[PDB]
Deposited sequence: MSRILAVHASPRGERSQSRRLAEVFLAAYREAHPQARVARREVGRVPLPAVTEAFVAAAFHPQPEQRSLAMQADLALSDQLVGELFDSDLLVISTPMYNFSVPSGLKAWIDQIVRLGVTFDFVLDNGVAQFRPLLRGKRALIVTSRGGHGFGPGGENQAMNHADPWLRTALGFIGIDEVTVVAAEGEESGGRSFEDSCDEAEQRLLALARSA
């Protein structure tokens, strides 16, 4: 299984979501030395937001008629989508920032949801029926939160617009086998982190 690891925390050595994901990646590497791991940084590195030029190009009615300028507008996106297509397992590490994800990860999503590439649609009696184009891929979301109760059955579950939103977006392009490993209370914390780590080691084994 070829892996694409997308890291979304701006923090490096101190990122818990990054560290936990790397725990999973190393463990996996251990069991599968031939396996390819690609890393895509969207936290410590800026990722362009969708511009009007991007929209005009990505939804151009006749795509092969895009100008060289237009293609250039889509070049990063093409690269980012290519990484996804080349992967069987997508691993996203992300903090919860203000009840969602860091803006860099939102930008990454916005680049890789592409008409005619990762999703499609068809016009049925006026309204669009959409169709995902990604097949045979899985996703693991490793997330870290400062507070508690954002998981299932949690007191604050309805406030969680981070990993549940990621599920929705990923599912839209065809990735609906998604596992979320969460550590809470990074400010019981060493416990939550230790549990996430054991969970990730088990997931890596299999």
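Unmodelled ranges, which are counted on the deposited sequence from position 1 and given in order: Going by the record, the segments left unmodelled (no C-alpha atoms) fall at 1, 189 to 192, 212.
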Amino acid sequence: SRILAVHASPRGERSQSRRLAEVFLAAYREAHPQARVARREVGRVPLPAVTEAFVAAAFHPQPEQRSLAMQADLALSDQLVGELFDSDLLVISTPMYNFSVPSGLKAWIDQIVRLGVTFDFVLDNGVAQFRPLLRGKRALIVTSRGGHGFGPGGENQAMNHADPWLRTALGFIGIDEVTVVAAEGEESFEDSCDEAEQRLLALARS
From here on, numbers count along this sequence of modelled residues.
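task: Report the stretch with the higher mean CA temperature factor, choosing between 36 to 44 and 158 to 166 on the basis of the entry.
output: Here the higher of the two C-alpha B-factor means belongs to 36 to 44.
task: Going by the average Cα B-factor in the PDB entry, point out whether 147 to 155 or 59 to 67 comes out higher.
output: That would be 59 to 67.
query: Against its chain's modelled residues, does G116's Cα B factor rank lowest, middle or highest third?
result: It falls in the middle third of the chain.
field: Ranked C-alpha temperature factor of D124 among modelled chain residues, by third
entry: Ranked within chain, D124 CA B lands in the highest tercile.
- prompt: By its CA B factor, does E83 count among the lowest, middle or highest third of the modelled residues in the chain?
  reply: Within its chain, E83 is a middle-third residue by C-alpha B-factor, going by the deposited values.
message: Test of reading the entry: by CA B factor among the chain's modelled residues, which third contains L201?
response: CA B-factor rank for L201: highest third.
query: What third of its chain's C-alpha B-factors does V50 belong to: lowest, middle or highest?
result: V50: CA B-factor falls in the lowest third of its chain.
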